[PDB]
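Written below as structure tokens is the structure these notes are about.
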Amino acid sequence: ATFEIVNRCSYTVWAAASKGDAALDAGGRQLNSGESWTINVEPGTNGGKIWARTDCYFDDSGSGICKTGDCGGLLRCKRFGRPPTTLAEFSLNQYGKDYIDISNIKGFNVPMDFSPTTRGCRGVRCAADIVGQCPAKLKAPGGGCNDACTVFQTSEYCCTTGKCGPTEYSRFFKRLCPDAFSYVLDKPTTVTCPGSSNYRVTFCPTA
């Protein structure tokens, strides 16, 4: 599958692509404003994620640190990133279908559109100014807006035991971005696409 990752933000972002135990394609790339990166994602990739990282620096060996979304200090991500991270999530060729979503469960850093570039299903977007409107307890010191599980680390917010419900914090994300997951047990906003679709992830999508 082809994924085009496009940075339309005014700021640089360091794109990342991983399935949690390995990079997808090169795993990461610096994208200055307006730049894009086209990757190949292998068919059958399950539990893949693409995200932006902000305010990074790296040395010539590709080791360094990002203020949002850092993946073990690497340019070329193999593992998932540190919250807060707006997440483009996908599982491909799963019993004939692809499944895509945007999630705010791990917070929000950069606005995102995640759309097919082939026919037959909708895209989703979360492009409200969540960072500017972020409630005080959720503001991350390095920038972006943490989820309440990261901040409070209890099942009330983390949905590890019993049956968690919405909180004022989850409702904040949901109100600003109805089409993204706001907590683990939110009513799903996943889109079913034809198997073997192609996609575009756009940071700071055009309104």
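crowded, with 20+ Cβ neighbours inside 10 Å, within 30 Å of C134 (Cα to Cα), over 16 Å from the mean Cα position of the chain (by Cα) and not polar (S, T, N, Q): does that describe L75?
Details: crowded, with 20+ Cβ neighbours inside 10 Å: yes; within 30 Å of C134 (Cα to Cα): yes; over 16 Å from the mean Cα position of the chain (by Cα): yes; not polar (S, T, N, Q): yes.
In short, yes.
Would you mention how many residues in region 53-108 are in contact with a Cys (Cβ under 8 Å, 6 or more places away or on another chain), of a type in the set (G, A, S) and not in a strand (DSSP E or B)?
2
Checking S197 against (1) under 30 Å from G96 (Cα atoms); (2) among the small types (G, A, S); (3) surrounded by fewer than 17 Cβ atoms within 10 Å (Cβ to Cβ), only one condition comes out false. Which one?
Result: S197 fails condition (3) only.
Which condition breaks for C126 when tested against (1) over 30 Å from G195 (Cα atoms); (2) touching a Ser or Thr at 6+ places or on another chain (Cβ under 9 Å)?
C126 satisfies every listed condition except (1).
For the condition under 15 Å from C134 (Cα atoms) and over 18 Å from the mean Cα position of the chain (by Cα), what is the one hit in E168, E156?
Just one listed residue meets the conditions, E168.
With the requirement that a residue be closer than 21 Å to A17 by Cβ and of a type in the set (F, W, Y), what does region 148-207 give you?
Once the filter is applied, which keeps residues that are closer than 21 Å to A17 by Cβ and of a type in the set (F, W, Y), region 148-207 yields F181, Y199, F203.
Quick one: how many residues across region 27-51 are in contact with a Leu (Cβ under 9 Å, 6 or more places away or on another chain), under 19 Å from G81 (Cα atoms) and not in a loop (DSSP other than H, G, I, E, B)?
Count: 10.
Looking at (1) within 30 Å of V41 (Cα to Cα); (2) among the β-branched types (V, I, T); (3) without any contact (Cβ under 8 Å) to a residue 24 or more places away in the chain, which one does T117 not meet, given that it meets all the others?
(3)
Taking the options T150, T86, name whichever one is of a type in the set (S, T, N, Q) and under 20 Å from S33 (Cα atoms).
Matching residue, one of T150, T86: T86.
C121 fails exactly one of the following numbered conditions: (1) in contact with a helix residue (DSSP H, G or I) (Cβ under 6 Å, 6 or more places away or on another chain); (2) closer than 23 Å to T2 by Cα. What is the number of that condition?
Every listed condition holds for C121 apart from (1).
Mind listing just one residue for me: the one in region 50-72 that is within 18 Å of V110 (Cα to Cα) and among the aromatic types (F, W, Y) and, of those, surrounded by the most Cβ atoms within 10 Å (Cβ to Cβ)? Break it down stepwise before answering.
Taking region 50-72 as the starting set, the residues that turn out to be within 18 Å of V110 (Cα to Cα) are 50-57, 65-71.
Narrowing further to those that are among the aromatic types (F, W, Y): 51, 57.
Values: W51: 32, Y57: 10.
By that ranking, first place goes to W51.
If the Cβ limit is 6 Å and pairs must be 6+ apart or interchain, which residue in region 156-173 that is under 10 Å from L185 (Cα atoms) pairs with which residue that is among the β-branched types (V, I, T) and assigned to a loop (DSSP other than H, G, I, E, B)?
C159/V184
What's the number of the condition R200 fails, among (1) in a strand (DSSP E or B); (2) more than 30 Å from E35 (Cα to Cα); (3) not polar (S, T, N, Q)?
Failing condition for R200: (2).
Virtual Cβ from ideal backbone geometry, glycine too; neighbours counted across all protein chains shown. Here, each number is a calculation from the coordinates, and none is a lab measurement.
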